[PDB]
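One chain comes next, on its own, written as C-alpha cells: the form deposited in one PDB entry.
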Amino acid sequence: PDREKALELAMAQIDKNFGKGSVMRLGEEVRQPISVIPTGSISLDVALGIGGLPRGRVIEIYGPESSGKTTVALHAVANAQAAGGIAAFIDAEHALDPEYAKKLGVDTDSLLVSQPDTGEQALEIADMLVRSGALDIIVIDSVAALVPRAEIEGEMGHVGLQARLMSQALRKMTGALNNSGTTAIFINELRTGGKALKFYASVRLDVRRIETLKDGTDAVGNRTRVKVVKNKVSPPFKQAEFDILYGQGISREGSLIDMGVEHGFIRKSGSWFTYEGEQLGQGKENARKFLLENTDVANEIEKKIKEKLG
C-alpha cells in the first residue's frame, strides 16, 4: 500500500465520475481560467481563487438585507459588459436603482430587464434567454420573490410547490447555462427555493454587513464580509472583506490598500500609509482618496498584487 498513490488514484476517479472539483485538498492552489467575471472586489476575486465568478455556472449570493449582495452582483454585470458581454436582470422585487447601477459602471441602457408575472414565468423567461447564448451574465433578484402562480393567483390553504418549481427550473437551466457559458447569479435574501440552489450552485456567497464605515465620526458606508461557503472550482471557505461607500459601490482603492498592505507592497508606518517611497496619507480614507486621484498609483499596486497571487 502507498497511501498517497492510492488516494490520488481515488480522487482522480472521483472527479472523473462527478466533475472536476468534486473533491480537493483545501490548501490546494487551483489552475486559473480564461476569463472569469471580476466580482468588483479584489479580495473576493482572490477568495474565489479564480479571480471572479466562473462563467457558465450558477452563483447564489445570500445574506440579510443591506449586506451588499445586489451591489456585488451589479459590479459583476458591469464587468461582464465592460468585456462586451450582454446582461439580463430578472426583477421580481422592483427594487433596482439604475442610477446607482450606472455609478457602479453598468450600461443600464443596453441592460435587459424583465419583470415576470409569476415565479414560473420568471424562470421560464430566464431559461429562454440563457439558451440563446447571447447573455454572458444573468441576474435573478430574490429567490424568494419567485412565488408560484397558484399562490399568486387565488389558491386555497396546498403544496410545497415553490421549492419544486425552483428545483425543476434549475435542473434544465444548468445544462443550458453551461453550454451558454453564461453565469447566473441568484440573489437570495435572508428575511423556500434556496433548498435546490444549494446543490445546483457552483459558488455560494454568504454576504453580510460587518462594520459601519465611519472613518472618524460620520456615516460613509459599510464594511462587508463575504464567505465563499461553497466553491466547486477552487478550495472553498475562503473569506474576504471590503468597503461599500454610500452611493458608491465596492471601493477598489479600499481593497487595494488593505490587500496591498497585508501583502507588503504598501508599507504602513503607524498612522501613515506609504508605498514605494511616496507618501499616501494618514488614515485609510486619505490613502483611498490619494489612490483614487492618482490612478497611476493603485494601478501599479493592482498589478503587483495581482501578480503575486493570481
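When you see a residue number, it is the position in the sequence shown, counting from 1. Take the two forms, superpose them, and find the largest set of C-alpha atoms that agree within 1.5 Å; that set is the rigid core.
In what follows, reference is made to the form deposited in another entry, a form of this protein that is not presented.
Once you line up the core between this form and the one not shown, the Cα of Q279 ends up 2 Å or more from where it was. Relative to the superposed rigid core, the position of the CA of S22 differs between this form and the one not shown by less than 2 Å.
When the rigid core is held fixed, the Cα atom of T295 travels 2 angstroms or more between this form and the one not shown.
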